[PDB]
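Order of the sequence lines fixes the chain letters, A, B, ..., with proteins taken first and strands second; residue numbering starts at 1 for each chain. Side-chain atoms are counted along with the backbone in the values below, which use heavy atoms only and exclude waters and symmetry mates.
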Amino acid sequence: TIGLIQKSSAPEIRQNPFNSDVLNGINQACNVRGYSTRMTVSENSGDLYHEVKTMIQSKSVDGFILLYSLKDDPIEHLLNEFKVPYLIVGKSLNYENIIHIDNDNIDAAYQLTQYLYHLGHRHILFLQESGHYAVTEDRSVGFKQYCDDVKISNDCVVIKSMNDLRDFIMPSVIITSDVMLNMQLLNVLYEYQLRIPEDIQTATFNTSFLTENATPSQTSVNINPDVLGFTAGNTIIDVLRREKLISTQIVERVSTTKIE
Amino acid sequence: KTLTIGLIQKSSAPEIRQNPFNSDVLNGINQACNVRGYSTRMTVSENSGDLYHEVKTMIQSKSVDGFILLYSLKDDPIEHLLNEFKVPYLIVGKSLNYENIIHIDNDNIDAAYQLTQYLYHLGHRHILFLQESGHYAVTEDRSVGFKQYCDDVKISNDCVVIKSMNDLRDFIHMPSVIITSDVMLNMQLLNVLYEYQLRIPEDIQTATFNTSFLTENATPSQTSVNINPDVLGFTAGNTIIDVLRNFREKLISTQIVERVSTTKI
C-alpha cells in the first residue's frame, strides 16, 4: 500500500483536475504491480500531521508520495524522523537527496509569458493563489523573470478570496497560477462584463476539461499530470525494495489572440 | 482477506474522471475505509471492453475483497460478471439488473421533479432538459422526474440527448431556462451560450445537478441540486464494509442551491 498525501482534502483542492490526473497516473502504475493505495483525508495541516503519523505508527502503509511541496513542511520532518520511504511530486526544498518528480514550473511560466509577449502583450497581470506552496512560487518567479528580461511591468498579486478578487477587479491579459483561481477570475470578469478576448485575455496553468470548456476556452500550459503520476508511482515502487522533470506545452485556445 | 475495496468507475477518461462527483464520493469512501482499516484500488480502463477484463483479472487475482460500482447501467456486463463469481458488491445508484443487490443513491427522479418545480415557481413555462449521452440510470432518472413534473402542470417537456460539443452547438421562441443533467455537460452549455453571446440570467437561465466548486464558480454561478456525494461515499464505504464483516437500500437527501443563473421571470 502506498500513501498519497494531499495538502488538503477540502473541495477546492480535491476537485482540482490536477489531483484526478495525477492519481490516475499513480493507479496505472500501482495496479500493474500489485499495490493498493491510500489517500489522506485531513482538511488542515494540523490533522494531516497526526493523520500521517497515525498512518506511520499503525504501519498501514509501506511508503508515501507527497502530492505537493512546501518549504519547512512539518510532514517532511515527520517522515524523515521516522525514516519512512517517500518522494515528492514537486520541488524538494527541505531535505537533500530526496527523489522528486516535477515540471520546470519557472520555465513553464517564463514560456507562457513569452508567448503572450509575442502576441503583442505589454501589460500583463499575474494572479497568484494564496499559500506558500513551491509550485505557485515557481510560476510567479518565472513570470517576473521574463518581465525583467524584456523590461515590462511585473504586477504579481496574491488573491486571498473571491471577494478580494472582486475588489481587485488595465492589463491586456491576465495569467492565473492555477485553473481553480482561473474559474473564479472568469466568473468575476463576466460579472463586470469584460468580454474575453475582446475586452481582455486570460491564460492559466494545467490543461483539462475545465480549461477546454471554460467560458471561453482557456489558453493554458499542459503540465502532463498523467505522466507525473505514472512516474511517481513507478519510482516509489522501485524504492521499496534524483530529479525527474516532465515537459510542458502551451495549448492555444479562445482566451488569447494577437493584439495590436 | 486483502482488506481492500475495488472501486469500479465507468471510465477513467478525463471528462469522466475529472467530474467533481468522483472526487467527492471517493473522499467519502476514503473517510469510511481509513477508519476501519481498509485499502483501496480503482479501475483505470477507459472503455467497457477493457474494464470487464480488468475487473475479471481483479476477481481472479483475488486482489480485492468487495466492490463498489460508481455507476449503474442497464444490462451491465460487469454486474453479470460480479454475480457469476459471487463477489460482494454494492451500487452507488439505482439497482436495475439483479434484485437484492445493495445500493446507495439519491432519489434522482424526485430531485429533478423538485428542480423543475422550483423553476416553474419562478415563472418558467418553456423548459429544456439537456441529457448527457449514455444509458446510465442516474441520467434516465433525472429525465424522468423532469417529464413527470411537466406532465403534472401540462407544459412542454423538450428533452434532448447531447452526444458531443458539436451536437450541443448545432442544437444551439427559445426556452427561458435550460437544465443540464450534469455539471460537465453544463460547463459545455455555458461555453456555447457565451460564444453565442446569450447572457445569463438576462437572456436565458440555466440549472444543473451536483453542486460543487465548478457550479459555485461557473460563469455565472449556477443554481444547482446538491446531491451530497461525500455522504453517498461515506455511506457506500461503511455499507460495503458492513457486508464484508460479520438486503438494504439507502437514499441520500438532495437540496436546491440557488445562485445567479436563475431568477424570477
Side-chain angles (χ1 to χ4, degrees), chain A residues 7-8 10 12-13 16 18 68-71 90-91 103 105-207 210-211 214-216 218-221 223 248 250 253 255-256 259, chain B residues 213 216-221:
Chain A
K7 65 179 71 174
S8 174
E12 190 180 318
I13 291 67
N16 190 318
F18 177 84
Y68 67 95
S69 175
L70 172 66
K71 184 186 293 181
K91 283 206 304 185
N103 295 292
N105 285 292
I106 290 176
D107 176 63
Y110 188 91
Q111 296 267 55
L112 182 61
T113 312
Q114 175 171 261
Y115 162 77
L116 296 164
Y117 178 85
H118 293 302
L119 286 181
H121 293 292
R122 294 292 178 283
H123 190 337
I124 305 173
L125 167 65
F126 187 86
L127 294 187
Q128 195 175 318
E129 60 185 287
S130 183
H132 299 297
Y133 293 92
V135 56
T136 303
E137 246 301 301
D138 280 0
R139 292 171 184 171
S140 64
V141 170
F143 167 72
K144 288 192 258 60
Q145 208 168 76
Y146 185 76
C147 292
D148 176 40
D149 288 333
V150 301
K151 315 304 170 299
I152 53 173
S153 41
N154 66 337
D155 290 320
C156 208
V157 178
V158 183
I159 303 301
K160 326 285 191 173
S161 305
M162 178 52 117
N163 299 313
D164 187 38
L165 224 190
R166 290 209 186 74
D167 296 306
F168 186 73
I169 284 74
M170 176 178 275
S172 54
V173 63
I174 300 177
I175 294 176
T176 51
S177 69
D178 183 60
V179 68
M180 299 310 246
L181 172 57
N182 198 66
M183 284 195 77
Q184 286 180 147
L185 172 64
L186 306 184
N187 170 292
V188 180
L189 291 174
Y190 185 80
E191 169 181 35
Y192 288 78
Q193 295 175 294
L194 287 172
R195 188 80 181 176
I196 300 164
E198 289 68 35
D199 297 327
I200 192 164
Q201 296 180 30
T202 56
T204 187
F205 291 79
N206 185 45
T207 304
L210 304 203
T211 65
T215 297
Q218 302 292 115
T219 292
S220 60
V221 180
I223 55 176
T248 71
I250 297 187
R253 289 293 181 258
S255 67
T256 55
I259 181 173
Chain B
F213 190 83
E216 298 293 71
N217 300 278
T219 294
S221 56

Which atoms form the tightest heavy-atom contact between [X] and [Y], and what is the distance?
| X | Y | result |
| --- | --- | --- |
| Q218(A) | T202(A) | NE2-OG1, 2.6 Å |
| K7(A) | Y68(A) | N-CD2, 3.6 Å |
| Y190(A) | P220(B) | CE2-CD, 3.7 Å |
| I250(A) | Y115(A) | CD1-CB, 3.6 Å |
| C156(A) | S140(A) | SG-CB, 3.9 Å |
| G120(A) | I259(A) | C-CG2, 3.5 Å |

Distance, nearest 0.5 Å, that separates [atom1] of [X] from [atom2] of [Y]:
| X | Y | atom1 | atom2 | value |
| --- | --- | --- | --- | --- |
| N187(A) | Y192(A) | CG | OH | 10.5 Å |
| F18(A) | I223(A) | CZ | CD1 | 5.0 Å |
| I159(A) | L185(A) | CD1 | CG | 8.5 Å |
| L125(A) | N154(A) | CG | CG | 10.5 Å |
| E216(B) | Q184(A) | CD | CD | 10.5 Å |

If we only count heavy atoms from C-beta on, is the [X] to [Y] side-chain gap below 4.5 Å?
| X | Y | value |
| --- | --- | --- |
| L186(A) | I196(A) | yes |
| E137(A) | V141(A) | yes |
| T219(A) | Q201(A) | no |
| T248(A) | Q111(A) | no |
| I106(A) | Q145(A) | yes |

Check the angle between the aromatic planes of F126(A) and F205(A) and answer parallel, tilted or perpendicular using the 30° and 60° thresholds.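 Because their plane-to-plane angle is over 60°, the rings of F126(A) and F205(A) count as perpendicular.
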Side-chain donor-acceptor contacts of residues 164-181 of chain A below 3.5 Å, not counting sequence neighbours, with atom names and distances?
| residue | atom | partner | partner atom | Å |
| --- | --- | --- | --- | --- |
| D164(A) | OD2 | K160(A) | N | 3.2 |
| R166(A) | NE | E191(A) | OE1 | 3.1 |
| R166(A) | NH1 | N163(A) | OD1 | 3.1 |
| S172(A) | OG | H121(A) | ND1 | 2.8 |
| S172(A) | OG | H123(A) | O | 3.2 |
| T176(A) | OG1 | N182(A) | OD1 | 2.8 |
| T176(A) | OG1 | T204(A) | OG1 | 2.8 |
| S177(A) | OG | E129(A) | N | 3.1 |
| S177(A) | OG | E129(A) | OE2 | 3.4 |
| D178(A) | OD1 | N16(A) | ND2 | 3.3 |
| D178(A) | OD2 | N16(A) | ND2 | 2.8 |
| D178(A) | OD2 | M180(A) | N | 3.4 |

Check whether more than 12 heavy atoms from other residues, nucleotides or ligands sit under 6.0 Å from atom NE2 of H118(A), and answer yes or no.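 Yes, because the 6.0 Å sphere around NE2 of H118(A) holds more than 12 heavy atoms from other groups.
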Under the 3.5 angstrom rule, does the side chain of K144(A) hit a backbone N or O of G142(A) as a donor-acceptor pair?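 Side chain of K144(A) to backbone of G142(A): no pair is present.
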Can a donor-acceptor pair be found, under 3.5 Å and without considering hydrogens, that links the side chain of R195(A) to the backbone of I200(A)?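 Checking the backbone N and O of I200(A) against the side chain of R195(A), no donor-acceptor pair under 3.5 Å is found.
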Please evaluate residues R139(A) and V135(A) with respect to the criterion side chain to side chain contact (heavy atoms under 4.5 Å, CB included), reporting the C-alpha separation (whole Å), side-chain torsions for both, the decisive distance (0.1 Å), and the verdict. CA-CA 6 Å; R139(A) 292 171 184 171; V135(A) 56; 3.4 Å; yes
Between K91(A) and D138(A), does a side chain to side chain contact (heavy atoms under 4.5 Å, CB included) hold up when you go through it step by step? CA-CA 9 Å; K91(A) 283 206 304 185; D138(A) 280 0; 2.9 Å; yes
